[PDB]
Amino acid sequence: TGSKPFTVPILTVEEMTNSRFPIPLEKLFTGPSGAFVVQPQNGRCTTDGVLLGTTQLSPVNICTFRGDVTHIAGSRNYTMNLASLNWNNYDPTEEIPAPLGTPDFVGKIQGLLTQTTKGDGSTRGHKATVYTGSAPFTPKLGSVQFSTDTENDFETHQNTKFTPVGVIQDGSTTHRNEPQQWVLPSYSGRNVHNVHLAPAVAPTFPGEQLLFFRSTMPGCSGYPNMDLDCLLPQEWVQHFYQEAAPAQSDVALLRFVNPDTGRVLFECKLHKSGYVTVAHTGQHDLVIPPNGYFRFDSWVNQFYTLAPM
């Protein structure tokens, strides 16, 4: 009826980026999800381009922090007073769960904390870890804590950046017990309810499962669970944001096509609120050809039955 035609990118899975951590996608995965709550806040976008949760457009700002730091005496810990994505004042009253790009899982994220002194352009960088399950993790309040390897090198009142690399685990405890990718941090700290969240998703149609876009996070210490599943590639977020094509039903039928043959491998539902389901029962690593890609074919309804994956 004259709506702007909806499309998805023709990039292959391996040509795209995880929307929950700045690393490439590796594979597609489906499994049952009744045993956990699927409520990530990064990689959330409606098909007509409305960003949700803490989702923002940059693949390299995910799980980053910016601001200035204060040393906590008697430790190697620094409190970062957060700034916005472009180094302006952070506004805690904005109707979002936390600063855009904030991590959306409980875990210990390791990276580098870097700093420049404005006056002379001197710089410094130190390995640092943020414990997103810890009491000082209060990004919505404008404050997070980093554990570092220095007690004096960082200066006050100078622009400071955290660049994430990977995750760690406490090797004296049960292996792969953290990170917990489906447990949201408490963005305002212990026992304070989160706000303005993108909703939890579940396959609501009988016989369906979520389809996840999966990567493996680097591990930096211990025995971490390095699996990371997102609902939408970052490139799909960027694509929908720009196109802003209106959803003509609750569900977009996508076909996964092998361009080498022109043949469809499977079909799936892209729900207009921004997640994908498939008709399958059980945990399964999808085996796909390297040049395979998703193609929008038609608008269907909540009552459409998918061909079994």
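The first residue of the shown sequence is 1; numbering continues from there. Rigid core: the largest C-alpha set superposing within 1.5 Å between the two forms.
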Quiz item: Fit on the core, then compare CA atoms: does 177-185 or 80-88 lie farther from this form in 5 other deposited structures of this protein?
Solution: 80-88
Self-check item: Stretch with larger C-alpha RMS deviation in 5 other deposited structures of this protein, core superposed, 110-118 versus 187-195
Solution: 187-195
Practice problem: On mean C-alpha B-factor from the PDB entry, just flag whether 265-273 or 60-68 is the higher one. | Solution: 265-273
Exercise. Select between 105-113 and 183-191 the stretch whose C-alpha atoms have the higher average B-factor in the entry.
Key: 183-191
Quiz item: Whose C-alpha has the highest temperature factor in the PDB entry: 247, 28, 278, 38?
Solution: 247
Practice problem: Tell me which of 207, 121, 219, 233 tops the list for C-alpha B factor in the record. | Solution: 207
Self-check item: Ranked against its chain, the third holding the CA B-factor of residue 84
Solution: highest
Quiz item: Should residue 169 be placed in the lowest, middle or highest third of its chain by the C-alpha B factor in the entry?
Solution: middle
Quiz item: Which third, lowest, middle or highest, does the CA B-factor of residue 154 fall in along this chain?
Solution: middle
Quiz prompt | residue 294, C-alpha B-factor rank within chain (lowest, middle or highest third) | solution = middle
Quiz item: Split the chain's modelled residues into thirds by Cα B-factor; is residue 94 in the lowest, middle or highest one?
Solution: highest
